[PDB]
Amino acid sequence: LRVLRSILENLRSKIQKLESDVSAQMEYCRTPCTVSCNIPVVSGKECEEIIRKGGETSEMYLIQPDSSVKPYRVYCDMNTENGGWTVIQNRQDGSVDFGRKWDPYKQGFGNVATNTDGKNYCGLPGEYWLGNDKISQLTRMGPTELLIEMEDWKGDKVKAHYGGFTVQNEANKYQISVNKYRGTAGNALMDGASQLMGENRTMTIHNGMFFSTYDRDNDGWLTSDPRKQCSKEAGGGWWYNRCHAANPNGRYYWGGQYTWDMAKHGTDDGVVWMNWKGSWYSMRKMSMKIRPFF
């Protein structure tokens, strides 16, 4: 049993690499990435009004939902099924940290859009979370539908459409409400994980849940265990129950398949949608788009 030396040797060497990598990146981070998103002239309350005003291209636009709200940036998808989609959440390469606290999820974070090849406008969406205050306000202007899309590392995709979608204000801990489901990804939000049955299933339902972040526990898992909450360190903010069937704001595991011994807390904190790929599979692409319903 003397070959155990080669193990410790392997590991210590591994640390040297990891230390160098982190160091290099920290050095690279002395300066930030930049964008030059010249603003499209056409503007409106949201993307639906914008495409109705002639904005036919999918890119970044400025919207002012209400005259009482400071105009802000968002990515408009004008090509997916009739267009007019206001991107609320987007994952695609893991370039943005989603394991943030309450305030960031409240204010929004990430990159709305970036420049294409050489164009002087940002036509490609970045990874981001629009912000709970903004999402709440948008969904409460009138009936709103929600389109959730995802893609696995194999290249196949599915979707979950919700004809009705509402997010209350902060005073109500951003409570979510969704109905009128249709699609191929499986109704994870309303029915919970299809792999489960009985109660174990109902407790994975997101419909009706409040919003939670690792520093603000409002999940459905009542009790008093500080280390046993649905959202933990590095975990994303979501409408957890006890705990989840789907989590678009989870950690971005490269390659898709991941294991408990890779997870910071031994839980499936990835970008999950059980009703389609199971509990230990992280999507390569995930996004959430809303639009006024008719």
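For every residue, the number given is its place in the sequence shown, counted from 1.
> So which stretch wins on mean C-alpha B-factor, 268-276 or 13-21?
The deposited B-factors put 13-21 ahead on the C-alpha mean.
> Mind pulling up the entry and telling me whether 196-204 or 80-88 has the higher mean Cα temperature factor?
Higher mean C-alpha B-factor: 196-204.
> With respect to the C-alpha temperature factors reported in the PDB entry, which of 252, 61, 260, 239 ranks highest?
Going by the entry's C-alpha B-factors, 260 comes out highest.
> Taking the Cα B-factors listed in the entry, which of 57, 43, 38, 229 comes out highest?
Of the options given, 229 has the highest CA B-factor in the PDB entry.
> C-alpha B factor of residue 29, ranked within the chain: lowest, middle or highest third?
Top third by C-alpha B-factor.
> Comparing residue 51 with the other modelled residues of its chain, is its CA B-factor in the lowest, middle or highest third?
Lowest third - that is where residue 51 ends up once the chain's C-alpha B-factors are sorted.
> Lowest, middle or highest third: where is residue 152 by C-alpha B factor in its chain?
As the PDB entry reports it, the C-alpha B-factor of residue 152 lands in the middle third of its chain.
> Lowest, middle or highest third: where is residue 165 by C-alpha B factor in its chain?
For residue 165, the deposited C-alpha B-factor lands in the lowest third.
> Which third of the chain holds residue 220 when residues are ordered by C-alpha B factor: lowest, middle or highest?
For residue 220, whose C-alpha B-factor we compare with every modelled residue in the chain, the answer is the highest third.
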